[PDB]
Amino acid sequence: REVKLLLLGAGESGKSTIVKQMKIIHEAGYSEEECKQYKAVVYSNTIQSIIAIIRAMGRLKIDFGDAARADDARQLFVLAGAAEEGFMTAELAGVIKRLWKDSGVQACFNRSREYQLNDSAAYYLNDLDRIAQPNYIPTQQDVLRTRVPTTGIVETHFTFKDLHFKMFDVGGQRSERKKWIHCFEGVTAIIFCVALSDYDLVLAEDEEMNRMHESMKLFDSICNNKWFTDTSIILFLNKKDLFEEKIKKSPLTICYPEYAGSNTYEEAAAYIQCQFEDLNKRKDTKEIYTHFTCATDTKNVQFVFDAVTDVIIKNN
């Protein structure tokens, strides 16, 4: 009645977000006290996001739409220290709001594939009035949107369908992959996460490596590892929401030069799925269970995980 699930995938693929969803779906969510613990994370993520955009403006040579923002940028650094401690004054919120609304800042934001920017930047910056409110308490979605790369191994437990799940989460950044092997024993199923929207991005560890290519190499290694022959391989093609928006404006040929389909979700998503599934060297004896997901969407993850659990029960 015990099931061990191991989450694998490159950095930023959404592994830890899936972990959070298990608590929300099967453990009644994050309590008020638990949500408050994420307040400083939300504020830090928010401040780091606007700062990253401002830093990129210097690198890409983008001016502020309105010269008055120069002073707001100065004040941002003077007041930024508070956010990290869990405090968001009306003054700091005002500074961030004006910067976020600037046309130059927006021009830079829309060129984020050229630098490293948290996926939840817009989510938080567009909700400044709410998160800056007095006595602000992060919502479940706010918690799901937080970003903190995983170092070490995280173990979570929950019950579902009369089964006791033991979920293991590890970091996917290059420096953390050496630790994956510590979790290789007795795995019932591997949930390998892939950020669909990574197709036109490069690794933060190396700007010369395409993120999706890196993910493919990792999947090739895991899926074909003889050690996992009897371990169910679940493939989560994640960030489908970001992918749907991006495929409309950024050519998939950046990642796959041979792609001949249109700049639409269905054709492009199916193509990527085929690229990953084709890495399977034993197609007749090893099955991959693929699901398209939006890890921050609780309803999507609930239905997908329900489907995944059924396969695990029937196969293992």
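The numbering used is simple: start at 1 and walk along the sequence shown.
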Mean B factor on CA atoms, stretches 191 to 199 and 113 to 121, record says higher is 113 to 121
Comparing mean C-alpha B factor in the record for 70 to 78 and 139 to 147, the higher one is 70 to 78
Among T156, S221, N238, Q106, the highest C-alpha B-factor in the PDB entry belongs to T156
Max C-alpha B-factor within the set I181, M216, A90, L99 falls on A90
Of the three thirds of the chain ranked by Cα temperature factor, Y256 occupies the highest
Assert third(CA B-factor, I131) within chain per record equals middle
Assert third(CA B-factor, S31) within chain per record equals middle
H291: C-alpha B-factor third of its chain, per the entry, is the lowest
Tertile call for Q275 (CA temperature factor, within chain, third-based) is the middle
